[PDB]
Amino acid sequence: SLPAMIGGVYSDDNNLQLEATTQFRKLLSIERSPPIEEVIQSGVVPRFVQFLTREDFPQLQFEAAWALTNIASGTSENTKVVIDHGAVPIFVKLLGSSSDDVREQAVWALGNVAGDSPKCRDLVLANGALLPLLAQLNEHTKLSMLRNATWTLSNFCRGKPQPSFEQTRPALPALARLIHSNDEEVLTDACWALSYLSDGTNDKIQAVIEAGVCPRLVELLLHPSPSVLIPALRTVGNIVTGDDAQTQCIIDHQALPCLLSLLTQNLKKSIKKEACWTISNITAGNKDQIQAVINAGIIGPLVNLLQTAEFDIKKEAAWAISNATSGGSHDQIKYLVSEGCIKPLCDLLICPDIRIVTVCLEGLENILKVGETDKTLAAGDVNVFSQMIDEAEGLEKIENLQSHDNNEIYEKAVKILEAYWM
């Protein structure tokens, strides 16, 4: 019935225009491979874009917006054709429509176009879609629109190179409010949007923390759904990459006992990997920040992972442990040793990841300095931690690291041996 459809689309009668646009929308609304390319070649894309400007016929507007959204849902070439026919500024105008159905369709259309590539996202942002998108969001916004707007916002923040922070800055108060929802879809999309905004320099993190999201993000670390957990953990993780004061905003809302529960409960390897990485950037902090990790009871489970977990988790547990030896006090480091961090740190000296070997060598060197200070204070004839590194088969591994091709590993191995085994 395609000739009657093209004919109906290309007619002047309001009844024929609607029935044929509805038929194309239903043809493109099928869940098993829609004929997007074929609907384009029938030349109805420019006529559907003309139907968007029919303010007197909001129902035709809606079907045309649906069909175009499904055309824009296809390959990169299909989205480009929708762009070429100037639909992007018209969908931005449709965000001010009196019809909620049309406004909702305009939102999903813009999210689809923006989701295609960073270039398409920048064109949507350049046509000023952000401010009218936020203006139609308030106390009486229905869940369907809250779900579409949050997804679209996430597509505006997604992609590498990241969008301009000044371009996406107005979305921060809205996302701060949206993460207080109980809806699993809104929480997912809001958290992903905040994980993109939070990734970058510390001035970006500062605007994220000033939006007031830290308390609620920590609560979302306990969300039973991994769809919400994963982007919330990513956002908390990005915030703790910041300075001591920014990292403290996460610690102040009991994030460390939450992070610990992710390590002990039976979750996916990638979840635990992210949780260890987050902890590693906390132990990269000041003495009080390392003390909060200790106070939470994290060292015990962290040392076990460093010793027994899958390599991707061990890698991150090594950074967490060694970062604490870098910024920790004499006693804090003695507490890491009492929790048995020496053997698992030594065991990784033979791992094929060069950076982890060097992370473990620096952690062990900082441990040896504490043991050397104890040897000077007690006027002892032996460095306790030298014998512990020897007993763990660490000394033989360090001795063998002198035969290594990597200059960072080699110079560290020689420095350690000349200082504690001359």
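Numbers follow the displayed sequence, beginning with 1.
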{"item": "Given 396 to 404 and 19 to 27, the range whose Cα B-factors average higher in the PDB entry", "value": "19 to 27"}
{"item": "Given 359 to 367 and 59 to 67, the range whose Cα B-factors average higher in the PDB entry", "value": "59 to 67"}
{"item": "Largest Cα B-factor, entry values, listed residues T283, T235, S76, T278", "value": "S76"}
{"item": "CA B-factor ranking of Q265, expressed as a third of its chain", "value": "middle"}
{"item": "Among modelled residues of the same chain, the CA temperature factor third for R121", "value": "middle"}
{"item": "Record-listed C-alpha B factor of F156: chain third", "value": "lowest"}
{"item": "Chain thirds of CA B-factor: placement of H180", "value": "middle"}
{"item": "Third of the chain's Cα B-factor distribution that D199 belongs to, per the entry", "value": "middle"}
